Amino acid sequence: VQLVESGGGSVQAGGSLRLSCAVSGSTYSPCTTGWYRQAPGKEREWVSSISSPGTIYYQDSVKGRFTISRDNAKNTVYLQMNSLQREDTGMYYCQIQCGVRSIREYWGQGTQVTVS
């Protein structure tokens, strides 16, 4: 299993970007997929997660602005980031936690988001 992200970049304050997390490989195990972010020199914080259908959660600072979704046929999860502000600047990572008995976790490579 491998997670590859795309969609990062520089954007003007108030603007938007859609990040993609493409899951390659295979597993028959259930997984929770999450988004995290880390500003330079700071801690990596949790942003959002999606698991079973409609089971979605968000860090409060992004509620109403970010929307996580998935396209099952493409085995991809997206993070639509609207009304971006300086506080949202950072390296964004997607991650998956899978399994029932024992868990397997995988981290994407990270994609930079810089808000004017």
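Start at 1 with the first residue shown and count on from there.
A summary of the deposited B-factors shows that, of 86-94 and 23-31, the stretch with the larger mean C-alpha value is 23-31.
In this entry, 103-111 has the higher mean Cα B-factor, the comparison being between 14-22 and 103-111.
Within the listed group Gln80, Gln59, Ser49, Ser52, the record reports its top CA B-factor for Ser52. Placement of the Cα temperature factor of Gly64 within the chain: highest third of the modelled residues, per the deposited record.
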